[PDB]
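Some notes on the structure that comes next.
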Amino acid sequence: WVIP
Amino acid sequence: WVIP
Amino acid sequence: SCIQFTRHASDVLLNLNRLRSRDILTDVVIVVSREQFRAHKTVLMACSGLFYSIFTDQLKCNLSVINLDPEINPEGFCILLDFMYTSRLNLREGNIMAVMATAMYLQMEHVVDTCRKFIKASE
Amino acid sequence: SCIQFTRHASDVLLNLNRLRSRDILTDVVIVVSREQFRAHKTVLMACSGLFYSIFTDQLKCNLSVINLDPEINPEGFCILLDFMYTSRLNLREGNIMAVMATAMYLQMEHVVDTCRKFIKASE
Ligand SMILES: N#Cc1cnn2c(Nc3ccc4c(c3)CC(=O)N4)cc(Cl)nc12
Ligand SMILES: N#Cc1cnn2c(Nc3ccc4c(c3)CC(=O)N4)cc(Cl)nc12
Ligand SMILES: [Cl-]
Ligand SMILES: [Cl-]
């Protein structure tokens with residue numbers, strides 16, 4: 001999971 | 001396009 | 001010896017979401033209490049262990065309407081359906097418990113994982 | 001304020017390809033001369049300008065069989081259909097002309113681009  |  | 005187009009999978013998903021927004025080729029309505037959500041069976045199966053089980057069933061595969069458990073929260077379902085079609089999860093303090101419970105029911109293991117990690121950090 | 005699951009779009013596409021291999025929820029047969037290819041209309045539209053035009057048409061959207069132009073090569077179509085479902089293009093010296101002609105007909109601009117670049121390097 002990432003900060004887009 | 002890339003070499004997978 | 002194949003070559004690969006990096007952005008292809010993302011471009012496919014963006015167009016599947018455009019089809020959903022325009023209600024093109026949607027073949028099922030998911031009923032969550034008083035709310036209705038139109039979707040593509042193939043996308044639902046591809047994202048969820050629950051829908052994969054439902055739509056491989058020789059009788060349920062032909063249903064145009066699927067009713068979820070009355071304990072399922074419509075907003076939680078809406079957030080997860082948006083995630084299925086975009087890879088983006090609108091996870092907030094006010095909705096995290098509903099999102100995690102819905103993801104457990106829908107058998108969306110990666111979403112359950114992250115909800116667990118976000119709750120553990122707040123305790 | 002969304003979070004994003006990097007591998008989600010690739011995972012969706014892998015499961016759509018699994019559905020195609022098992023012939024689950026395929027809703028169209030594409031006829032290319034003597035050969036037949038089963039697919040999902042939604043995936044075809046998401047990848048191809050030609051199928052997007054065909055399946056948004058109020059009459060053609062309901063067809064279970066689509067016949068392509070007799071000039072279209074079945075192997076070229078097979079390679080492009082595999083690309084649609086996997087992001088991988090089996091581009092070879094022996095098939096590049098057929099792949100490029102099929103990609104132009106199917107309106108798959110990124111494939112046309114690369115076929116052009118690969119041919120230019122060999123001249
Ligand atoms: N054919 C086919 C096919 C279509 N969909 N699909 C799967 N869908 C799925 C099943 C379980 C889970 C998820 C997705 C996300 C998750 O957390 N669990 C799996 C397989 Cl093994 N095959 C298929
Ligand atoms: N709704 C919808 C929807 C479903 N599919 N789709 C598009 N599919 C497409 C149209 C043209 C081209 C390609 C894909 C690859 C290419 O080279 N050209 C576009 C839009 Cl703007 N919208 C949609
Ligand atoms: Cl997931
Ligand atoms: Cl393309």
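Ordering of the structure tokens sets the chain letters (A, B, ...), residue numbers begin anew at 1 in every chain, and ligands are numbered from 1 in the order given.
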
Ligand 1 neighbours within 6 Å using only C-alpha atoms and all ligand atoms, as a PDB file with N, CA and C atoms, in the first residue's frame:
```
ATOM      1  N   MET C  45     -15.771 -10.955  -9.059  1.00  0.00           N
ATOM      2  CA  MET C  45     -15.086 -12.248  -8.845  1.00  0.00           C
ATOM      3  C   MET C  45     -13.576 -12.064  -8.753  1.00  0.00           C
ATOM      4  N   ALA C  46     -13.027 -11.216  -9.629  1.00  0.00           N
ATOM      5  CA  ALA C  46     -11.582 -10.943  -9.686  1.00  0.00           C
ATOM      6  C   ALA C  46     -11.037 -10.287  -8.403  1.00  0.00           C
ATOM      7  N   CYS C  47     -11.900  -9.607  -7.630  1.00  0.00           N
ATOM      8  CA  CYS C  47     -11.506  -8.851  -6.429  1.00  0.00           C
ATOM      9  C   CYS C  47     -11.876  -9.480  -5.101  1.00  0.00           C
ATOM     10  N   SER C  48     -12.861 -10.376  -5.102  1.00  0.00           N
ATOM     11  CA  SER C  48     -13.462 -10.871  -3.873  1.00  0.00           C
ATOM     12  C   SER C  48     -13.626 -12.384  -3.852  1.00  0.00           C
ATOM     13  N   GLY C  49     -13.132 -13.015  -2.781  1.00  0.00           N
ATOM     14  CA  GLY C  49     -13.294 -14.446  -2.574  1.00  0.00           C
ATOM     15  C   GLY C  49     -14.756 -14.835  -2.468  1.00  0.00           C
ATOM     16  N   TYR C  52     -16.314 -14.549  -6.041  1.00  0.00           N
ATOM     17  CA  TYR C  52     -15.713 -15.642  -6.812  1.00  0.00           C
ATOM     18  C   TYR C  52     -16.496 -16.952  -6.519  1.00  0.00           C
ATOM     19  N   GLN C 107     -14.109 -11.278   1.666  1.00  0.00           N
ATOM     20  CA  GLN C 107     -12.859 -12.034   1.549  1.00  0.00           C
ATOM     21  C   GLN C 107     -11.874 -11.273   0.636  1.00  0.00           C
ATOM     22  N   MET C 108     -11.530 -10.048   1.057  1.00  0.00           N
ATOM     23  CA  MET C 108     -10.577  -9.183   0.369  1.00  0.00           C
ATOM     24  C   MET C 108      -9.427  -9.012   1.352  1.00  0.00           C
ATOM     25  N   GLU C 109      -8.546 -10.028   1.363  1.00  0.00           N
ATOM     26  CA  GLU C 109      -7.437 -10.208   2.311  1.00  0.00           C
ATOM     27  C   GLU C 109      -6.462  -9.026   2.408  1.00  0.00           C
ATOM     28  N   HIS C 110      -6.088  -8.392   1.271  1.00  0.00           N
ATOM     29  CA  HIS C 110      -5.155  -7.252   1.300  1.00  0.00           C
ATOM     30  C   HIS C 110      -5.758  -6.031   2.023  1.00  0.00           C
TER      31      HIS C 110
ATOM     32  N   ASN D  15      -6.827 -12.374 -12.821  1.00  0.00           N
ATOM     33  CA  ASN D  15      -8.073 -13.114 -12.592  1.00  0.00           C
ATOM     34  C   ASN D  15      -9.022 -13.051 -13.793  1.00  0.00           C
ATOM     35  N   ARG D  18      -7.726 -15.690 -16.020  1.00  0.00           N
ATOM     36  CA  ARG D  18      -8.107 -17.006 -15.489  1.00  0.00           C
ATOM     37  C   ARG D  18      -9.544 -17.343 -15.890  1.00  0.00           C
ATOM     38  N   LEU D  19     -10.457 -16.351 -15.818  1.00  0.00           N
ATOM     39  CA  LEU D  19     -11.863 -16.493 -16.236  1.00  0.00           C
ATOM     40  C   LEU D  19     -11.924 -16.847 -17.721  1.00  0.00           C
ATOM     41  N   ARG D  22     -10.807 -20.521 -18.336  1.00  0.00           N
ATOM     42  CA  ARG D  22     -11.855 -21.440 -17.878  1.00  0.00           C
ATOM     43  C   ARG D  22     -13.194 -21.228 -18.584  1.00  0.00           C
TER      44      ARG D  22
END
```

Any chance you could fit chain C onto chain D with least squares, all Cα atoms in order, and share the moved copy as a compact mmCIF listing (two decimals) with N, CA and C atoms, in the first residue's frame?
```txt
# COMPACT_ATOMS: atom_id res chain seq x y z
N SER C 1 -7.57 11.71 0.02
CA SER C 1 -6.84 11.08 1.13
C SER C 1 -6.79 9.52 1.04
N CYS C 2 -7.13 8.95 -0.12
CA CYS C 2 -7.11 7.50 -0.35
C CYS C 2 -5.69 6.91 -0.22
N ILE C 3 -5.59 5.62 0.09
CA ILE C 3 -4.34 4.85 0.03
C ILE C 3 -4.52 4.00 -1.24
N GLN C 4 -3.44 3.49 -1.82
CA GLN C 4 -3.57 2.69 -3.03
C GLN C 4 -2.77 1.39 -2.95
N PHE C 5 -3.36 0.28 -3.44
CA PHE C 5 -2.69 -1.02 -3.49
C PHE C 5 -2.05 -1.18 -4.87
N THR C 6 -0.73 -0.99 -4.92
CA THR C 6 0.08 -1.04 -6.15
C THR C 6 -0.23 -2.22 -7.10
N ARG C 7 -0.31 -3.44 -6.57
CA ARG C 7 -0.52 -4.63 -7.39
C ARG C 7 -1.98 -4.93 -7.76
N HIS C 8 -2.95 -4.12 -7.28
CA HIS C 8 -4.38 -4.41 -7.49
C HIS C 8 -4.77 -4.57 -8.97
N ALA C 9 -4.44 -3.59 -9.84
CA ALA C 9 -4.81 -3.66 -11.27
C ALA C 9 -4.24 -4.92 -11.96
N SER C 10 -2.98 -5.28 -11.67
CA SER C 10 -2.34 -6.48 -12.22
C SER C 10 -3.07 -7.75 -11.74
N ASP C 11 -3.46 -7.79 -10.45
CA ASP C 11 -4.18 -8.92 -9.83
C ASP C 11 -5.57 -9.07 -10.46
N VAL C 12 -6.24 -7.94 -10.75
CA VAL C 12 -7.55 -7.98 -11.40
C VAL C 12 -7.39 -8.60 -12.79
N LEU C 13 -6.39 -8.12 -13.56
CA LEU C 13 -6.18 -8.60 -14.93
C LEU C 13 -5.83 -10.09 -14.99
N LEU C 14 -5.01 -10.56 -14.03
CA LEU C 14 -4.63 -11.98 -13.91
C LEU C 14 -5.89 -12.84 -13.69
N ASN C 15 -6.83 -12.37 -12.82
CA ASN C 15 -8.07 -13.11 -12.59
C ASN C 15 -9.02 -13.05 -13.79
N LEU C 16 -9.01 -11.94 -14.55
CA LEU C 16 -9.83 -11.86 -15.78
C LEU C 16 -9.28 -12.85 -16.81
N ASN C 17 -7.95 -13.00 -16.87
CA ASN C 17 -7.34 -13.98 -17.78
C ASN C 17 -7.67 -15.44 -17.34
N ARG C 18 -7.73 -15.69 -16.02
CA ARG C 18 -8.11 -17.01 -15.49
C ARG C 18 -9.54 -17.34 -15.89
N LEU C 19 -10.46 -16.35 -15.82
CA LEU C 19 -11.86 -16.49 -16.24
C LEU C 19 -11.92 -16.85 -17.72
N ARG C 20 -11.11 -16.16 -18.56
CA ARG C 20 -11.04 -16.43 -20.00
C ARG C 20 -10.58 -17.88 -20.26
N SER C 21 -9.49 -18.33 -19.59
CA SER C 21 -8.97 -19.69 -19.75
C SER C 21 -10.01 -20.77 -19.39
N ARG C 22 -10.81 -20.52 -18.34
CA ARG C 22 -11.86 -21.44 -17.88
C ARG C 22 -13.19 -21.23 -18.58
N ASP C 23 -13.27 -20.23 -19.49
CA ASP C 23 -14.47 -19.88 -20.26
C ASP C 23 -15.64 -19.46 -19.34
N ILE C 24 -15.33 -18.77 -18.23
CA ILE C 24 -16.35 -18.31 -17.29
C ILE C 24 -16.78 -16.90 -17.66
N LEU C 25 -18.11 -16.71 -17.81
CA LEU C 25 -18.77 -15.43 -18.09
C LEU C 25 -18.33 -14.74 -19.40
N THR C 26 -17.68 -15.50 -20.30
CA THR C 26 -17.38 -14.98 -21.64
C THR C 26 -18.74 -14.79 -22.32
N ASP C 27 -18.91 -13.67 -23.02
CA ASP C 27 -20.19 -13.30 -23.62
C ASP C 27 -20.10 -13.00 -25.10
N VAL C 28 -18.95 -13.30 -25.73
CA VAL C 28 -18.81 -13.08 -27.17
C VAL C 28 -17.79 -14.05 -27.78
N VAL C 29 -17.99 -14.40 -29.05
CA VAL C 29 -17.05 -15.18 -29.85
C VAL C 29 -16.61 -14.23 -30.96
N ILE C 30 -15.30 -14.06 -31.12
CA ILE C 30 -14.71 -13.25 -32.18
C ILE C 30 -14.26 -14.24 -33.25
N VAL C 31 -14.81 -14.11 -34.46
CA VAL C 31 -14.51 -15.02 -35.57
C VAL C 31 -13.52 -14.33 -36.50
N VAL C 32 -12.36 -14.98 -36.69
CA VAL C 32 -11.27 -14.48 -37.52
C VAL C 32 -10.98 -15.59 -38.52
N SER C 33 -11.60 -15.51 -39.72
CA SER C 33 -11.51 -16.52 -40.77
C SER C 33 -12.04 -17.87 -40.21
N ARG C 34 -11.22 -18.93 -40.22
CA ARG C 34 -11.58 -20.27 -39.73
C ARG C 34 -11.45 -20.45 -38.22
N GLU C 35 -10.98 -19.42 -37.50
CA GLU C 35 -10.75 -19.52 -36.06
C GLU C 35 -11.76 -18.73 -35.22
N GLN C 36 -12.03 -19.23 -34.00
CA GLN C 36 -12.93 -18.64 -33.01
C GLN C 36 -12.23 -18.34 -31.71
N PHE C 37 -12.53 -17.17 -31.11
CA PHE C 37 -11.91 -16.75 -29.85
C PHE C 37 -12.98 -16.24 -28.90
N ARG C 38 -13.13 -16.90 -27.76
CA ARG C 38 -14.10 -16.45 -26.75
C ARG C 38 -13.48 -15.37 -25.89
N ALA C 39 -14.26 -14.34 -25.53
CA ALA C 39 -13.72 -13.25 -24.70
C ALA C 39 -14.83 -12.59 -23.91
N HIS C 40 -14.47 -11.61 -23.08
CA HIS C 40 -15.41 -10.80 -22.31
C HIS C 40 -15.48 -9.46 -23.08
N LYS C 41 -16.70 -9.04 -23.43
CA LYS C 41 -16.93 -7.76 -24.14
C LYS C 41 -16.28 -6.58 -23.40
N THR C 42 -16.44 -6.51 -22.06
CA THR C 42 -15.89 -5.42 -21.24
C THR C 42 -14.36 -5.30 -21.38
N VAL C 43 -13.63 -6.44 -21.39
CA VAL C 43 -12.18 -6.41 -21.56
C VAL C 43 -11.81 -5.93 -22.97
N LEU C 44 -12.52 -6.47 -24.00
CA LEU C 44 -12.27 -6.08 -25.40
C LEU C 44 -12.45 -4.58 -25.59
N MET C 45 -13.53 -4.01 -25.01
CA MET C 45 -13.80 -2.55 -25.10
C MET C 45 -12.71 -1.75 -24.40
N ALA C 46 -12.28 -2.23 -23.22
CA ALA C 46 -11.26 -1.56 -22.41
C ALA C 46 -9.88 -1.49 -23.10
N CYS C 47 -9.61 -2.39 -24.06
CA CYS C 47 -8.31 -2.50 -24.74
C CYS C 47 -8.27 -2.00 -26.17
N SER C 48 -9.43 -1.92 -26.83
CA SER C 48 -9.49 -1.68 -28.26
C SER C 48 -10.51 -0.61 -28.64
N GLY C 49 -10.07 0.37 -29.42
CA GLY C 49 -10.94 1.41 -29.95
C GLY C 49 -12.03 0.83 -30.84
N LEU C 50 -11.68 -0.23 -31.62
CA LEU C 50 -12.66 -0.90 -32.49
C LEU C 50 -13.78 -1.56 -31.67
N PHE C 51 -13.42 -2.42 -30.68
CA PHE C 51 -14.45 -3.07 -29.86
C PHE C 51 -15.23 -2.11 -29.00
N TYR C 52 -14.58 -1.02 -28.52
CA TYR C 52 -15.26 0.04 -27.77
C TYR C 52 -16.40 0.62 -28.66
N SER C 53 -16.11 0.90 -29.94
CA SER C 53 -17.10 1.43 -30.88
C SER C 53 -18.22 0.42 -31.12
N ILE C 54 -17.85 -0.86 -31.39
CA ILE C 54 -18.78 -1.96 -31.66
C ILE C 54 -19.74 -2.20 -30.50
N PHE C 55 -19.22 -2.38 -29.29
CA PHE C 55 -20.06 -2.75 -28.16
C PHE C 55 -20.78 -1.55 -27.49
N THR C 56 -20.57 -0.30 -27.96
CA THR C 56 -21.37 0.84 -27.47
C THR C 56 -22.52 1.08 -28.45
N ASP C 57 -22.47 0.39 -29.60
CA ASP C 57 -23.53 0.46 -30.60
C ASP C 57 -24.77 -0.27 -30.07
N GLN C 58 -25.90 0.44 -30.04
CA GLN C 58 -27.20 -0.03 -29.55
C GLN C 58 -27.70 -1.38 -30.13
N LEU C 59 -27.23 -1.79 -31.35
CA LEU C 59 -27.57 -3.09 -31.96
C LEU C 59 -26.47 -4.14 -31.77
N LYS C 60 -25.21 -3.76 -32.06
CA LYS C 60 -24.07 -4.68 -31.98
C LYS C 60 -23.73 -5.12 -30.56
N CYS C 61 -24.06 -4.30 -29.54
CA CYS C 61 -23.83 -4.60 -28.11
C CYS C 61 -24.46 -5.93 -27.68
N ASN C 62 -25.56 -6.36 -28.35
CA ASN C 62 -26.28 -7.59 -28.03
C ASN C 62 -25.87 -8.82 -28.86
N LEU C 63 -24.89 -8.67 -29.77
CA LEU C 63 -24.47 -9.81 -30.59
C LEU C 63 -23.56 -10.74 -29.80
N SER C 64 -23.75 -12.05 -30.00
CA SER C 64 -22.95 -13.08 -29.34
C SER C 64 -21.77 -13.50 -30.22
N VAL C 65 -21.81 -13.11 -31.51
CA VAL C 65 -20.78 -13.42 -32.51
C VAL C 65 -20.40 -12.14 -33.27
N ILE C 66 -19.08 -11.87 -33.40
CA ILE C 66 -18.56 -10.74 -34.18
C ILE C 66 -17.57 -11.30 -35.19
N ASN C 67 -17.78 -11.00 -36.49
CA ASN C 67 -16.87 -11.47 -37.53
C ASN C 67 -15.94 -10.34 -37.93
N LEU C 68 -14.64 -10.59 -37.86
CA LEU C 68 -13.67 -9.57 -38.26
C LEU C 68 -13.41 -9.64 -39.76
N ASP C 69 -12.83 -8.55 -40.31
CA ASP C 69 -12.46 -8.41 -41.72
C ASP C 69 -11.64 -9.65 -42.17
N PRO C 70 -11.95 -10.27 -43.35
CA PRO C 70 -11.19 -11.46 -43.78
C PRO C 70 -9.68 -11.24 -43.95
N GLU C 71 -9.22 -9.98 -44.02
CA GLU C 71 -7.78 -9.70 -44.13
C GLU C 71 -7.07 -9.89 -42.79
N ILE C 72 -7.82 -9.94 -41.67
CA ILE C 72 -7.21 -10.09 -40.34
C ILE C 72 -6.65 -11.51 -40.14
N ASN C 73 -5.39 -11.56 -39.73
CA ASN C 73 -4.67 -12.79 -39.47
C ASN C 73 -5.07 -13.39 -38.10
N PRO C 74 -5.53 -14.67 -38.02
CA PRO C 74 -5.87 -15.27 -36.71
C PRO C 74 -4.75 -15.28 -35.67
N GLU C 75 -3.49 -15.55 -36.08
CA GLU C 75 -2.37 -15.55 -35.14
C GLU C 75 -2.14 -14.14 -34.57
N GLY C 76 -2.18 -13.12 -35.44
CA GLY C 76 -2.05 -11.73 -35.04
C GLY C 76 -3.11 -11.37 -34.02
N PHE C 77 -4.37 -11.82 -34.27
CA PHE C 77 -5.46 -11.57 -33.33
C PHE C 77 -5.20 -12.29 -32.01
N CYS C 78 -4.78 -13.55 -32.08
CA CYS C 78 -4.49 -14.35 -30.89
C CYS C 78 -3.43 -13.68 -29.99
N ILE C 79 -2.35 -13.17 -30.60
CA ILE C 79 -1.27 -12.47 -29.90
C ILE C 79 -1.82 -11.21 -29.22
N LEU C 80 -2.69 -10.45 -29.92
CA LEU C 80 -3.27 -9.23 -29.36
C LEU C 80 -4.28 -9.50 -28.28
N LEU C 81 -5.07 -10.58 -28.41
CA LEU C 81 -6.04 -10.98 -27.39
C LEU C 81 -5.28 -11.39 -26.11
N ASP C 82 -4.17 -12.15 -26.25
CA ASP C 82 -3.31 -12.53 -25.12
C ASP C 82 -2.75 -11.26 -24.44
N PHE C 83 -2.30 -10.28 -25.25
CA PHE C 83 -1.81 -8.99 -24.73
C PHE C 83 -2.90 -8.28 -23.91
N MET C 84 -4.13 -8.21 -24.45
CA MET C 84 -5.24 -7.57 -23.75
C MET C 84 -5.40 -8.11 -22.32
N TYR C 85 -5.34 -9.43 -22.18
CA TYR C 85 -5.54 -10.09 -20.90
C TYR C 85 -4.30 -10.23 -20.03
N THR C 86 -3.10 -9.87 -20.53
CA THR C 86 -1.87 -10.10 -19.72
C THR C 86 -0.86 -8.96 -19.66
N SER C 87 -0.96 -7.98 -20.56
CA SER C 87 -0.02 -6.84 -20.72
C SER C 87 1.26 -7.28 -21.46
N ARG C 88 1.36 -8.58 -21.82
CA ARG C 88 2.53 -9.17 -22.49
C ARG C 88 2.28 -9.37 -23.97
N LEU C 89 3.21 -8.88 -24.80
CA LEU C 89 3.11 -8.95 -26.25
C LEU C 89 4.19 -9.85 -26.83
N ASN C 90 3.77 -10.96 -27.46
CA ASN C 90 4.69 -11.91 -28.08
C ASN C 90 5.06 -11.41 -29.49
N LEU C 91 5.91 -10.37 -29.54
CA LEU C 91 6.33 -9.71 -30.77
C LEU C 91 7.60 -10.35 -31.30
N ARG C 92 7.51 -10.94 -32.51
CA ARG C 92 8.61 -11.67 -33.16
C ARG C 92 8.79 -11.20 -34.60
N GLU C 93 9.98 -11.43 -35.17
CA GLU C 93 10.27 -11.07 -36.58
C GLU C 93 9.23 -11.66 -37.53
N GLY C 94 8.87 -12.93 -37.32
CA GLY C 94 7.92 -13.65 -38.16
C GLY C 94 6.47 -13.23 -38.02
N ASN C 95 6.11 -12.52 -36.93
CA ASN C 95 4.72 -12.11 -36.74
C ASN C 95 4.49 -10.59 -36.68
N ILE C 96 5.56 -9.77 -36.62
CA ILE C 96 5.44 -8.31 -36.42
C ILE C 96 4.52 -7.60 -37.44
N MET C 97 4.61 -7.93 -38.73
CA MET C 97 3.75 -7.29 -39.73
C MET C 97 2.27 -7.59 -39.48
N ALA C 98 1.93 -8.86 -39.17
CA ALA C 98 0.56 -9.28 -38.86
C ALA C 98 0.05 -8.62 -37.56
N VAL C 99 0.90 -8.55 -36.53
CA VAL C 99 0.56 -7.92 -35.23
C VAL C 99 0.26 -6.43 -35.45
N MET C 100 1.14 -5.70 -36.17
CA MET C 100 0.94 -4.27 -36.41
C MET C 100 -0.34 -3.99 -37.20
N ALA C 101 -0.59 -4.76 -38.29
CA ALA C 101 -1.82 -4.60 -39.09
C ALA C 101 -3.07 -4.88 -38.25
N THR C 102 -3.04 -5.93 -37.42
CA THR C 102 -4.16 -6.27 -36.53
C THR C 102 -4.36 -5.16 -35.48
N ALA C 103 -3.26 -4.65 -34.88
CA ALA C 103 -3.35 -3.58 -33.88
C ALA C 103 -3.91 -2.27 -34.49
N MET C 104 -3.57 -1.98 -35.76
CA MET C 104 -4.13 -0.79 -36.44
C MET C 104 -5.63 -0.96 -36.62
N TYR C 105 -6.06 -2.14 -37.07
CA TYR C 105 -7.48 -2.46 -37.27
C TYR C 105 -8.23 -2.42 -35.93
N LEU C 106 -7.64 -2.99 -34.87
CA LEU C 106 -8.28 -3.01 -33.55
C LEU C 106 -8.19 -1.68 -32.81
N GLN C 107 -7.40 -0.72 -33.35
CA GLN C 107 -7.16 0.60 -32.78
C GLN C 107 -6.54 0.45 -31.37
N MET C 108 -5.36 -0.19 -31.33
CA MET C 108 -4.58 -0.40 -30.11
C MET C 108 -3.29 0.36 -30.35
N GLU C 109 -3.36 1.68 -30.11
CA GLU C 109 -2.32 2.68 -30.40
C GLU C 109 -0.95 2.39 -29.78
N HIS C 110 -0.89 1.92 -28.51
CA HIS C 110 0.40 1.63 -27.86
C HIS C 110 1.13 0.45 -28.54
N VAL C 111 0.38 -0.57 -28.98
CA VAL C 111 0.94 -1.72 -29.71
C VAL C 111 1.43 -1.24 -31.09
N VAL C 112 0.60 -0.44 -31.81
CA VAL C 112 1.00 0.11 -33.11
C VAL C 112 2.34 0.87 -32.98
N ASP C 113 2.48 1.68 -31.91
CA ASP C 113 3.68 2.47 -31.60
C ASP C 113 4.95 1.61 -31.47
N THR C 114 4.87 0.72 -30.85
CA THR C 114 6.04 -0.14 -30.58
C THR C 114 6.41 -0.98 -31.78
N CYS C 115 5.40 -1.48 -32.52
CA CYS C 115 5.60 -2.23 -33.76
C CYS C 115 6.34 -1.32 -34.74
N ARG C 116 5.92 -0.03 -34.81
CA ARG C 116 6.57 0.97 -35.69
C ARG C 116 8.04 1.17 -35.32
N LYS C 117 8.32 1.30 -34.01
CA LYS C 117 9.68 1.49 -33.49
C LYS C 117 10.56 0.26 -33.74
N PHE C 118 10.01 -0.96 -33.56
CA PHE C 118 10.76 -2.20 -33.80
C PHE C 118 11.09 -2.41 -35.30
N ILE C 119 10.18 -2.01 -36.21
CA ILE C 119 10.40 -2.12 -37.66
C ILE C 119 11.46 -1.10 -38.12
N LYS C 120 11.38 0.15 -37.60
CA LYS C 120 12.30 1.25 -37.91
C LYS C 120 13.75 0.89 -37.53
N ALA C 121 13.94 0.14 -36.42
CA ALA C 121 15.26 -0.28 -35.94
C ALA C 121 15.89 -1.33 -36.86
N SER C 122 15.06 -2.15 -37.55
CA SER C 122 15.52 -3.20 -38.46
C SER C 122 15.80 -2.71 -39.90
N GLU C 123 15.39 -1.46 -40.24
CA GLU C 123 15.63 -0.87 -41.57
C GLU C 123 16.80 0.11 -41.58
```

Run DSSP on the backbone and give me the residues of segment 49-109 of chain D it puts in strand (DSSP E or B), as a PDB file with N, CA, C and O atoms, in the first residue's frame.
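Saved the output as part.pdb:
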```pdb
ATOM      1  N   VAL D  65     -21.809 -13.108 -31.509  1.00  0.00           N
ATOM      2  CA  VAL D  65     -20.775 -13.417 -32.506  1.00  0.00           C
ATOM      3  C   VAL D  65     -20.398 -12.139 -33.271  1.00  0.00           C
ATOM      4  O   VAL D  65     -21.284 -11.429 -33.753  1.00  0.00           O
ATOM      5  N   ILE D  66     -19.083 -11.868 -33.401  1.00  0.00           N
ATOM      6  CA  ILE D  66     -18.557 -10.738 -34.176  1.00  0.00           C
ATOM      7  C   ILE D  66     -17.565 -11.298 -35.194  1.00  0.00           C
ATOM      8  O   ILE D  66     -16.607 -11.974 -34.807  1.00  0.00           O
ATOM      9  N   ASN D  67     -17.779 -11.000 -36.489  1.00  0.00           N
ATOM     10  CA  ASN D  67     -16.874 -11.465 -37.533  1.00  0.00           C
ATOM     11  C   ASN D  67     -15.938 -10.339 -37.929  1.00  0.00           C
ATOM     12  O   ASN D  67     -16.390  -9.246 -38.282  1.00  0.00           O
ATOM     13  N   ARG D  88       1.363  -8.579 -21.817  1.00  0.00           N
ATOM     14  CA  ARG D  88       2.532  -9.166 -22.491  1.00  0.00           C
ATOM     15  C   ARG D  88       2.276  -9.371 -23.970  1.00  0.00           C
ATOM     16  O   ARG D  88       1.280  -9.989 -24.356  1.00  0.00           O
ATOM     17  N   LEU D  89       3.209  -8.879 -24.795  1.00  0.00           N
ATOM     18  CA  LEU D  89       3.112  -8.947 -26.247  1.00  0.00           C
ATOM     19  C   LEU D  89       4.194  -9.845 -26.830  1.00  0.00           C
ATOM     20  O   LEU D  89       5.390  -9.550 -26.698  1.00  0.00           O
TER      21      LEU D  89
END
```

*Kindly give the distance, in Å, that separates atom 11 (C, counted along the ligand's line) of ligand 2 and atom CA of residue 1 of chain B, rounded to a single decimal.*
18.6 Å

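Distance-wise, atom 19 (C, counted along the ligand's line) of ligand 2 and atom CA of residue 2 of chain B end up 23.5 Å apart.
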